[PDB]
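Under PDB author numbering, the residue at position 14 of the sequence shown is numbered 14, and the numbers go up by one with no gaps.
Ideal placement from N, C-alpha and C gives every residue a C-beta, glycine not left out.
One structure is given below, encoded as structure tokens.
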Amino acid sequence: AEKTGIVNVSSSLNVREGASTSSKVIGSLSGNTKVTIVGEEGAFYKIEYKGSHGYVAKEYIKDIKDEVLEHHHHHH
Numbered sequence: 001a002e003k004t005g006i007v008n009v010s011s012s013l014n015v016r017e018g019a020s021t022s023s024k025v026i027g028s029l030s031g032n033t034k035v036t037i038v039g040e041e042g043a044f045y046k047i048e049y050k051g052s053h054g055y056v057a058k059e060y061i062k063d064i065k066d067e068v069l070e071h072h073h074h075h076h
């Protein structure tokens, strides 16, 4: 069951490849941007980053709810 967390920042959210507060930044994501979570580890959530696995703190994650959107958007 995949989970989507809503990003909440005053400017932007940094993405780390490790799990520490200052491990290694590989890029950043826009605010209110949804992130897919496949698991959790420590005080940080694991997400599927394009090219590898991104790690972010739970503090920048708010309102976590499932939302995979049913297939076939076109309504019969």
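Exposure label - residue i; buried when at least 16 CB within 10 Å
i: residue 69; result: exposed
i: residue 56; result: buried
i: residue 82; result: With the chain running from 1 to 76 in the structure shown, residue 82 is simply not present.
i: residue 35; result: buried
i: residue 15; result: buried
Nearest candidate by alpha-carbon position, reference residue i, set the options
i: residue 5; options: 76, 67 and 71; result: 67
i: residue 43; options: 75, 34, 3 and 20; result: 20
i: residue 8; options: 72, 27, 51 and 31; result: 31
Simplified DSSP assignment, three categories, for residue i
i: residue 24; result: coil
i: residue 50; result: coil
i: residue 59; result: helix
i: residue 8; result: coil
i: residue 17; result: coil
i: residue 70; result: coil
Sequence-distant residues of its chain with Cβ nearer than 7 Å to residue i (five each side left out)
i: residue 100; result: This structure cannot settle anything about residue 100, because the visible part of the chain is limited to 1 through 76.
i: residue 18; result: 24 and 55
i: residue 27; result: 15
i: residue 76; result: none
Own chain partners of residue i with C-beta closer than 6 Å, once the 5 adjacent residues on each side are dropped
i: residue 62; result: 6 and 8
i: residue 118; result: This structure cannot speak to residue 118, because the chain is shown only from 1 to 76.
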